[PDB]
Amino acid sequence: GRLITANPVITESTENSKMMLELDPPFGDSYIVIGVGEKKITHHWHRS
Amino acid sequence: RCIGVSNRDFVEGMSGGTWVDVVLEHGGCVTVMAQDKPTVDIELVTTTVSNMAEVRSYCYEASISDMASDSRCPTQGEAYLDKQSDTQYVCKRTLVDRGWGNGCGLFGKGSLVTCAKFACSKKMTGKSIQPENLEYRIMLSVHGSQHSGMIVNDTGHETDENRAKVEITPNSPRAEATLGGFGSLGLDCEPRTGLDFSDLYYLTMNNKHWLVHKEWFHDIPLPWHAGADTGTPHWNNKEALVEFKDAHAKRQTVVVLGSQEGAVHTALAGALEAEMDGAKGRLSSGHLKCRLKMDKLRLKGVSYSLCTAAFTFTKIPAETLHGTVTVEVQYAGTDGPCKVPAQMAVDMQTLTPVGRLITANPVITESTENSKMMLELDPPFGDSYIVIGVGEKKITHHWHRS
Amino acid sequence: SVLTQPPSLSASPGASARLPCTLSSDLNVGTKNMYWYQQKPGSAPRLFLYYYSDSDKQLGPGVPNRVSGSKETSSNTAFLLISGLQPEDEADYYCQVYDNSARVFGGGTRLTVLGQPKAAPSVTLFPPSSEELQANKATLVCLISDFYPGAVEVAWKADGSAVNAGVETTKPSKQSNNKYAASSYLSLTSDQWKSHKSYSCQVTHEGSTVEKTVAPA
Amino acid sequence: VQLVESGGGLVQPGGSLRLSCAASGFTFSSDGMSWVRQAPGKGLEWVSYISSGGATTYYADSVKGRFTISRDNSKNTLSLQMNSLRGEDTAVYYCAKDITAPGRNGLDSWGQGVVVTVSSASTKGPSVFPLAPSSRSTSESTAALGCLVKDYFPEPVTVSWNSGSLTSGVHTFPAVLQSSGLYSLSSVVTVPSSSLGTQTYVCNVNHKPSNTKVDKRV
């Protein structure tokens with residue numbers, strides 16, 4: 001797919017800040033993956 | 001059994017002790033897993049009452065025939081018809097205005113009686129639920145050897161120790177299922193659930209069936225007769241479905257009200273539903289509290305060694321509603337019967353297990369050669385690999401649950 | 001949607017009584033119909049007042065002119081008003097609202113037309129006896145008698161940390177001298193009872209708290 | 001206008017009850033109706049509403065899928081059939097006119113209500129335990145002792161003290177109803193401290209429904 005929010009970044013250091021980003025998933029079935037390795041964040045998606 | 005069921009309820013059995021309490025719902029299964037014990041699926045399939053004595057029948061659509069009237073002048077007494085005291089006839093007396101226009105000598109109130117023969121076209125029957133006369137039907141299925149073609153299979157369950165059938169009744173709350181080489185499973189259930197069957201009737205309308213409270217059924221304003229039939233039942237309050245209107249001095253019109261199907265079907269909205277066939281089939285309701293012991297339940301094939309030949313998927317790992325994964329494999333060996341090496345691991349070397357196996361102690365039964373066998377796993381949240389086999393010609397499949 | 005009412009209020013006759021009903025931010029008081037229901041002990045609720053504005057209202061059957069209503073938008077609060085109070089007006093009062101098939105009742109205000117010099121509650125706290133501890137259980141009883149309008153709040157404590165388990169308290173109850181009585185029960189085990197050095201029954205009434213303690217020693 | 005409810009009583013978790021409301025004194029077929037609950041000692045809670053003609057029905061989420069409301073306008077009867085009863089459904093059930101007007105509504109008139117009790121236990125006797133002071137406040141030598149009556153099923157429990165000898169200073173309190181489904185009760189007497197070593201303190205508990213007569217050495 002493609003990312004609308006190019007270069008997503010957190011700015012506040014400590015500790016539990018919030019951020020937002022927008023994506024453009026491909027047609028059909030998908031998974032939104034943020035994070036790396038262990039304790040990643042995954043969410044299945046099915047657009048139209 | 002139990003795999004594709006939506007209301008699936010993976011309740012865990014306390015590892016080591018034989019104490020498990022289970023709520024058994026209609027249309028929902030329960031998968032009980034213990035330690036060093038075969039995981040078994042348990043479903044309450046049928047709840048039957050058997051003892052049905054007819055209590056009272058109501059008529060909801062009727063026919064009328066032989067309408068007749070008799071009229072009297074004032075000061076000449078009461079009107080009379082020969083059928084006014086007939087059990088099958090419905091009548092009504094009234095005082096009409098009579099005089100010279102009506103061919104009468106005096107101006108006064110004349111007596112008018114009119115009757116007609118009542119015939120019932122369609123009838124409903126409320127019958128008795130004898131309390132302490134229930135019958136629950138429970139099905140039990142065992143993992144490991146079985147493949148998913150056994151998910152829907154109710155034939156051969158006595159020779160197969162895979163699937164046992166059990167009946168629980170009031171006055172017989174205890175039971176024990178024979179699982180042969182798997183041992184035996186005991187269960188003591190009957191709740192006496194405060195669901196006061198002693199205060200409900202079984203209402204049959206026309207191929208439609210319901211469970212009905214007694215006080216409401218006694219106060220149904222429709223024609224009725226108590227028992228069954230032996231020729232010409234005597235109906236009471238026949239006025240409920242037949243009405244007289246607009247008497248004019250020698251004649252009163254009388255009509256039937258029409259079908260009361262929609263009236264009672266609307267009145268029964270929200271009641272406990274049921275069916276009937278085979279002359280004894282009955283309700284769809286659950287809430288069966290059970291407490292089952294698996295002391296005499298042994299594992300089958302613990303003395304088997306691991307299978308040496310190669311496996312192959314005949315179905316790709318498929319995720320269920322509850323995150324568990326079903327797997328089917330064929331085995332190209334003669335080693336059988338043997339133990340299937342199944343495991344999950346993020347490791348790949350060497351060879352740390354992470355998650356759980358639902359199909360505890362997986363085995364094959366057929367020896368030669370290309371047997372099928374299907375298995376279910378409970379992987380951990382995150383990533384993991386599905387590993388079937390040992391060494392070369394192994395099977396590896398990556399997984400991501402949630 | 002939550003309607004919030006004070007548990008109890010109290011006043012004397014001749015007073016202009018004010019019973020509030022705060023609407024949650026879900027709703028806006030200025031756009032709502034307000035229905036107040038009066039319920040006296042031993043009787044069913046009666047429709048007391050319908051209020052939308054001073055120009056759109058209607059008193060219940062047999063409800064005197066002294067009853068009125070109002071709103072304040074800043075606090076999202078509706079009010080029931082009683083000019084020239086009288087003993088007959090002593091009852092429980094519930095606000096109510098409609099919202100898309102939902103009829104939402106407030107907690108209910110127990111109005112006390114003051115009849116008595118506000119009485120001081122008399123408290124006593126008992127420990128578990130011996131015979132029941134040998135039966136492996138330990139139940140502490142806290143008894144409240146002879147107090148002013150029948151509304152107290154009891155909080156149970158143990159070694160400084162408020163407990164919220166095994167607690168059951170009676171509703172207030174009118175007894176002989178027209179005063180109120182209640183009782184709170186704390187149910188624990190024998191080991192639970194010995195685990196803590198000190199327990200306390202903490203009863204508050206009209207913002208002033210009485211607190212009695214008991215020790216296993 | 002009269003709204004008379006019936007069809008309730010003592011039920012046990014699970015099962016079903018059917019409440020009925022007979023209406024008179026007004027044109028029943030022209031009004032919406034609703035059921036409202038009031039648990040013992042608690043506030044009001046709306047249950048379900050039915051329109052005048054019956055085409056539209058509404059239910060509180062705490063009862064959805066379990067309760068169903070019905071109407072019979074030819075007989076002037078309102079129905080509420082409750083299935084799969086839980087302990088939360090223990091309350092008094094009121095039948096009320098839920099009117100509809102041009103921009104005005106309300107529960108115009110209420111019935112006297114019918115009691116519905118959901119409970120699991122069958123019938124049970126109590127266990128009596130003493131409540132000694134063990135502290136002496138000595139405010140005019142006034143020491144208070146009593147007895148607690150724990151875990152009995154039927155509410156009738158008669159408590160005496162010293163077989164009717166002790167009447168001055170006696171206070172028997174209203175009972176609790178615990179989540180276990182049983183009742184507990186206490187009774188206390190205030191006594192001069194000069195009698196701790198002379199007068200034998202005895203509490204007399206009688207629980208007639210289960211044939212228990214327990215007199216404890218308070």
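Think of each number as a place in line: the chain as shown, counted from 1.
Note that Cβ sites are derived from N, Cα and C of the backbone, with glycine treated the same way.
Between the stretches B:69-82, B:97-110, B:125-138, Swiss-Prot puts its region 'Fusion peptide' entry on B:97-110.
Recorded disulfide link (Swiss-Prot): B:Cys189 to B:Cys290, out of the candidates B:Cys91, B:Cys115, B:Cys120, B:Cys290.
Of the candidate recorded positions, B:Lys37, B:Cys189, B:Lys280, B:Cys290, B:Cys307, the one lying closest to B:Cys59 (disulfide bond) when CA atoms are compared is B:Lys280. Of the recorded residues, B:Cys189 (disulfide bond) and B:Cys115 (disulfide bond) place their C-alpha atoms 58 Å from one another. Each of the disulfide-bonded residues B:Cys59, B:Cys189 was ranked by the number of other C-beta atoms within 10 Å, and first place falls to B:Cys59. The closest partner of B:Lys280 (ubiquitin cross-link) among the recorded positions, by CA position, is B:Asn153; the full candidate set was B:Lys37, B:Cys120, B:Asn153, B:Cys307, B:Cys338. Note: the CA-CA distance between B:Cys338 (disulfide bond) and B:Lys37 (ubiquitin cross-link) rounds to 17 Å.
B:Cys59 (disulfide bond) falls within a strand when secondary structure is assigned with DSSP.
The distance from the Cα of B:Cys115 (disulfide bond) to the Cα of B:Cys91 (disulfide bond) comes to 4 Å. A C-beta separation below 8 Å, combined with a sequence spacing of at least six in one chain, links B:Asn153 (N-linked glycosylation site) to B:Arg163. Comparing B:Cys290 (disulfide bond) with B:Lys37 (ubiquitin cross-link), their Cα atoms are 19 Å apart once rounded.
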